[PDB]
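S.K.: Just need the structure, nothing else, for what follows:
(one chain, ligands or ions: 1)
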Amino acid sequence: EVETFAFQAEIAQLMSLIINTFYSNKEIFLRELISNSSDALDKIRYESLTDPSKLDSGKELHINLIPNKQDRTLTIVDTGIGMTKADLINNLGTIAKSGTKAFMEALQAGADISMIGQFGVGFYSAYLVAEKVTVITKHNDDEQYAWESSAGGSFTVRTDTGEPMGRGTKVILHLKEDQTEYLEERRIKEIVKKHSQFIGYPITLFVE
Ligand SMILES: C#CCCCn1c(Cc2cc(OC)c(OC)c(OC)c2Cl)nc2c(N)nc(F)nc21
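M.R.: Numbers count the residues shown, from 1 in each chain. Take a look at the structure below.
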């Protein structure tokens, strides 16, 4: 049972700009996703202080980076707060509208794509390297969901019947044919060291 949705006009515009603009410094997508993972882990850690039962779906707070050359995927996994169906379909897109407009205007005023995170829309930098993005997420109050988009103005949401993840988010980057350098161990290590060296959670780079 797959539900198909149209992105709000501003988000479809942002995704097109990210796909179409010539911009060589694509590596910045990784810092954006790791930073989102880190914010999600802070959120579950904060909530657990007043309600300890929120860690019943997993005590460990961490980030895994999983490359897979056979599937041509790079997966960012976290055991953070996770997302609800409402976040996936409408809540995040609503907040994204404001950030998208501010980012588009900043670009016209002379800013570059690396500043995307300051506008709360850093997640869409995934499309600098990915032809398709799959998001598997599980929030304590909701079910496990799979969000997916190859851009083109639409995204899908389905109940994920795959392997339960307990609590957290998995961002699966189906890389563009010319972006396989992001499956290489030394390339991932270099980017993490350059942009994500001060994240307060363990980041484990899996090897193939
Ligand atoms: C913006 C923003 C941050 C909030 C949404 N979000 C994101 C980025 C994100 C933003 C989105 O819109 C702006 C969004 O679209 C609905 C999205 O889902 C595909 C994600 Cl993953 N990553 C995580 C994560 N790792 N864990 C949790 F829990 N929430 C996340």
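S.K.: Please count neighbours and contacts with C-alpha atoms only from this point.
M.R.: Will do.
S.K.: Contact residues of the chain facing the ligand?
M.R.: 36-37, 40, 80-83, 88, 92-93, 96, 120-121, 123, 135, 147, 169 (C-alpha under 6 Å from any ligand atom).
S.K.: which residues touch residue 161?
M.R.: Counting by C-alpha atoms under 8 Å, 6 or more residues apart in numbering, residue 161 touches residue 144.
S.K.: The host helix or strand of residue 16 packs against which elements?
M.R.: In the assignment (DSSP states H and E), residue 16 maps to helix 9-20. The contact analysis (3 or more C-alpha pairs under 8 Å, 6 or more residues apart in numbering; DSSP states H and E) places helix 9-20 against helix 92-108.
S.K.: what comes into contact with the helix it packs on?
M.R.: So helix 92-108 is contacted by 7-8, 10-11, 14, 113, 116, 119-121 (C-alpha under 8 Å, 6+ apart).
S.K.: Who are the contact partners of residue 146?
M.R.: So, once contact is read as C-alpha under 8 Å, 6+ apart, residue 146 ends up touching 134-137, 156-160.
S.K.: any idea how far residue 95 is from it?
M.R.: 20 Å (C-alpha to C-alpha, to the nearest Å).
S.K.: Could you pick out the longest helix of this structure?
M.R.: When the chain is parsed with DSSP state H, its longest helix is helix 28-50.
S.K.: Okay, buried residues for that one please.
M.R.: Going by neighbour count (16 or more other C-alpha atoms under 10 Å), the buried part of helix 28-50 is 28-38, 40-42, 44-45.
S.K.: Nice, that's everything, thank you.
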